[PDB]
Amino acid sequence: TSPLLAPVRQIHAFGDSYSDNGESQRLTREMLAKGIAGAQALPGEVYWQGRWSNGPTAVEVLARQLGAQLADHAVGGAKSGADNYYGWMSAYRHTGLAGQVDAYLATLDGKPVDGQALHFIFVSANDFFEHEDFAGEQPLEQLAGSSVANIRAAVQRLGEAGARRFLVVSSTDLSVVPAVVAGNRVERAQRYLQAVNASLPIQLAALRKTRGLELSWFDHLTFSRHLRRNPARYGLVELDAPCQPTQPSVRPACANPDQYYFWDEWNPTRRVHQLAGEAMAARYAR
């Protein structure tokens, strides 16, 4: 191992349901109040305090472990570009990674980016989910290239504005996601995530070096492979079934949620988010 990185007292997080700590719930509640066309309540009824899980997301745990305040801009459904898996949001707000970056910079209103804040980016799952669910055009290799370019562009734009510290999360293992398994799309997910995870860190390392950034890469796929190979070590029993099924309809939750990897058909449980946040924190001093 190398020296730990310097301590973190503020996180700005950008991404999707794997980070969102209330924004999709806040926004959809607003959109419902205003009768926006297409609006639905997200994440829905069988979730903990607006998270797309049964407890805090990984970045919430990371902030807790490091002793940092968290400003979490992530929105369930977010893609790596401007918009969301949920097309009906685009009219009201651009809630993709690029949209979240735009909005963060607009809120600063000319005032400086906190050069000590950790800018946490965790996105790309919805690029794949949207493509597969609405028969996207692009070959998966091109889709991956798009996701990678979008994330690199976000880091570039944040650094441009004054950000100096980043943590970028890899693709997760989409190939074991229960919705992917049920769509018989394991190989497509493998191909997509491998493409993202091979290319992105090469591009980020070049940007790190050009702009003098601190940029750490978290390999979520290595993380999940290690968990799922040795589950009893971590107290996990059921790696595949959702604890809280929602497809085709909501059923009763499993008795022991901390023994489950998945909460719903797309999202990990609070236990996996805890382990993930602890692993992300391992690179930093308290």
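Numbers follow the displayed sequence, beginning with 1.
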Averaged over C-alpha atoms, is the B-factor higher for 84-92 or for 146-154 in this PDB entry?
84-92
Name the higher of the two by mean Cα B-factor in the PDB entry, 101-109 versus 165-173.
101-109
Specify which of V61, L221, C243, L70 carries the largest Cα B factor in the deposited PDB entry.
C243
For the listed residues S124, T210, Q194, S216, which one has the largest C-alpha B-factor as given in the deposited model?
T210
For the chain shown, is the CA B-factor of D114 in the lowest, middle or highest third of its modelled residues?
middle
Third of chain Cα B-factors occupied by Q190:
middle
Determine, from the deposited record, the chain-internal third of the Cα B-factor for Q65: lowest, middle or highest.
middle
Temperature factor at the Cα of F120, chain-ranked in thirds, falls in the lowest
Based on the deposited C-alpha B factors for this chain, I'd like to know if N54 is in the lowest, middle or highest third.
middle
